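Enquirer: One structure follows; several queries about it will come next.
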Amino acid sequence: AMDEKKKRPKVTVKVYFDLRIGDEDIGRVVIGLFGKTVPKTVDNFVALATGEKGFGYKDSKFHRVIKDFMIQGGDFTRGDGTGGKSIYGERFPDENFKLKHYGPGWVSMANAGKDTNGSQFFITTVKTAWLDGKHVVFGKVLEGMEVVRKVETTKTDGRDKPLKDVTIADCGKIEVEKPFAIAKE
Ligand SMILES: [Zn+2]
Ligand SMILES: [Zn+2]
């Protein structure tokens with residue numbers, strides 16, 4: 001079907017992450033970001049990817065990995081899940097819950113309850129509907145889902161911490177010439 005009448009979010013900007021497991025380069029993940037739907041949340045993530053406020057994601061780790069669920073990172077202050085901050089302060093409100101965790105590859109803010117978004121985020125590896133309405137969804141992996149799956153399946157300990165550090169070796173912003181809609185899947 002052409003799906004003329006299905007409602008869809010638009011990718012307005014992209015971020016790339018070049019990832020490593022231990023000292024091995026494993027490839028690039030490119031995330032499309034929904035800047036018309038959740039501008040405040042996207043602007044935070046993009047600024048943290050560029051490092052332009054003097055802090056950000058470069059060389060931070062994915063400190064919590066759960067196979068058949070998600071990979072979580074973004075704690076660039078403590079690297080353990082206790083830290084991170086947004087460009088608006090330590091915490092900012094949930095912007096909206098317009099988007100859901102529709103399937104593998106959706107990118108969403110980690111939190112410790114209502115209105116506690118900072119810098120930590122996760123990339124789902126399955127549909128995670130139980131987080132809908134609780135975590136703010138703001139992007140989707142468009143390239144490099146296979147690289148996400150390498151992280152997803154890395155050996156972890158009983159606290160879900162990778163045995164070898166999984167790091168964002170490089171990251172930044174990629175401009176999108178013309179915003180484009182994607183399926184809610
Ligand atoms: Zn080596
Ligand atoms: Zn939660």
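Residue numbering restarts at 1 for every chain of the structure tokens, chains are lettered A, B, ... in their displayed order, and ligands are numbered from 1 as they appear.
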May I have a table of the residues of chain A lying at most 9 Å from ligand 2, giving each one's closest pair of atoms and their distance in Å to one decimal, counting only C-alpha atoms and all ligand atoms, ordered by chain and ascending residue number, as JSON lines?
Expert:
{"residue": "A:110", "atom": "CA", "partner": "ligand 2", "partner_atom_place_in_ligand_line": "1 (Zn)", "distance": 7.0}
{"residue": "A:111", "atom": "CA", "partner": "ligand 2", "partner_atom_place_in_ligand_line": "1 (Zn)", "distance": 5.9}
{"residue": "A:112", "atom": "CA", "partner": "ligand 2", "partner_atom_place_in_ligand_line": "1 (Zn)", "distance": 6.3}
{"residue": "A:113", "atom": "CA", "partner": "ligand 2", "partner_atom_place_in_ligand_line": "1 (Zn)", "distance": 6.2}
{"residue": "A:114", "atom": "CA", "partner": "ligand 2", "partner_atom_place_in_ligand_line": "1 (Zn)", "distance": 8.4}
{"residue": "A:130", "atom": "CA", "partner": "ligand 2", "partner_atom_place_in_ligand_line": "1 (Zn)", "distance": 8.8}
{"residue": "A:131", "atom": "CA", "partner": "ligand 2", "partner_atom_place_in_ligand_line": "1 (Zn)", "distance": 6.2}
{"residue": "A:134", "atom": "CA", "partner": "ligand 2", "partner_atom_place_in_ligand_line": "1 (Zn)", "distance": 5.7}
{"residue": "A:135", "atom": "CA", "partner": "ligand 2", "partner_atom_place_in_ligand_line": "1 (Zn)", "distance": 6.1}
Enquirer: Would you tabulate, counting only C-alpha atoms and all ligand atoms, all residues of chain A that have an atom at most 8 Å from an atom of ligand 1, showing the closest pair of atoms and their distance in Å to one decimal, sorted by chain then ascending number, as a Markdown table?
Expert:
| residue | atom | partner | partner_atom_place_in_ligand_line | distance |
| --- | --- | --- | --- | --- |
| A:22 | CA | ligand 1 | 1 (Zn) | 7.7 |
| A:23 | CA | ligand 1 | 1 (Zn) | 5.4 |
| A:24 | CA | ligand 1 | 1 (Zn) | 7.2 |
Enquirer: If DSSP is run on the backbone, what residues of segment 71-144 of chain A are strand (DSSP E)? A reply as a short mmCIF file (atom, residue, chain, number, x, y, z; two decimals) with C-alpha atoms, in the first residue's frame would be ideal.
Expert:
data_model
loop_
_atom_site.label_atom_id
_atom_site.label_comp_id
_atom_site.auth_asym_id
_atom_site.auth_seq_id
_atom_site.Cartn_x
_atom_site.Cartn_y
_atom_site.Cartn_z
CA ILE A 71 22.07 -0.59 24.54
CA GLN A 72 22.46 2.44 26.85
CA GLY A 73 25.06 5.18 26.93
CA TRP A 106 14.52 3.55 18.05
CA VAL A 107 16.45 6.05 20.16
CA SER A 108 15.03 7.28 23.44
CA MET A 109 16.05 9.13 26.58
CA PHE A 121 20.00 7.57 26.01
CA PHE A 122 19.35 4.10 24.69
CA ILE A 123 18.95 2.44 21.34
CA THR A 124 16.38 -0.36 21.31
CA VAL A 137 11.60 8.85 21.81
CA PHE A 138 13.55 11.20 19.53
CA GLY A 139 15.36 9.26 16.81
CA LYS A 140 15.84 6.06 14.84
CA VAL A 141 18.96 4.29 13.60
CA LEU A 142 18.97 4.61 9.81
CA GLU A 143 22.39 3.04 9.06
#
Enquirer: Just the helix (DSSP H, G or I) stuff from segment 60-180 of chain A, please, per backbone DSSP, written as a PyMOL selection string.
Expert: chain A and resi 129-131+145-152
Enquirer: Could you please take those selected residues and save C-alpha atoms as a PDB file, in the first residue's frame?
Expert:
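Final output, selection_6.pdb:
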ATOM      1  CA  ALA A 129       6.355  -0.911  24.128  1.00  0.00           C
ATOM      2  CA  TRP A 130       6.477  -1.041  27.918  1.00  0.00           C
ATOM      3  CA  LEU A 131       8.512   2.190  27.855  1.00  0.00           C
ATOM      4  CA  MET A 145      21.926  -1.372  12.877  1.00  0.00           C
ATOM      5  CA  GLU A 146      24.322  -4.301  12.388  1.00  0.00           C
ATOM      6  CA  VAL A 147      26.900  -2.318  14.396  1.00  0.00           C
ATOM      7  CA  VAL A 148      24.299  -1.818  17.135  1.00  0.00           C
ATOM      8  CA  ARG A 149      23.795  -5.583  17.148  1.00  0.00           C
ATOM      9  CA  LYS A 150      27.530  -6.130  17.690  1.00  0.00           C
ATOM     10  CA  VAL A 151      27.233  -4.070  20.865  1.00  0.00           C
ATOM     11  CA  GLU A 152      23.971  -5.792  21.839  1.00  0.00           C
TER      12      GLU A 152
END
Enquirer: Between A:27, A:90, A:172, A:68, which is the closest to residue 52 of chain A once you count only C-alpha atoms?
Expert: A:172
Enquirer: Could you check the closest approach to residue 43 of chain A for each of A:181, A:166, A:15, A:171 and tell me which residue wins, using only C-alpha atoms?
Expert: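 Among A:181, A:166, A:15, A:171, it is A:15 that comes nearest to residue 43 of chain A.
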Enquirer: To one decimal place in Å, what is the distance between atom CA of residue 34 of chain A and atom CA of residue 92 of chain A?
Expert: 17.7 Å
Enquirer: Just the number, please: distance in Å from atom CA of residue 12 of chain A to atom CA of residue 38 of chain A, one decimal.
Expert: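 Atom CA of residue 38 of chain A lies at a distance of 10.7 Å from atom CA of residue 12 of chain A.
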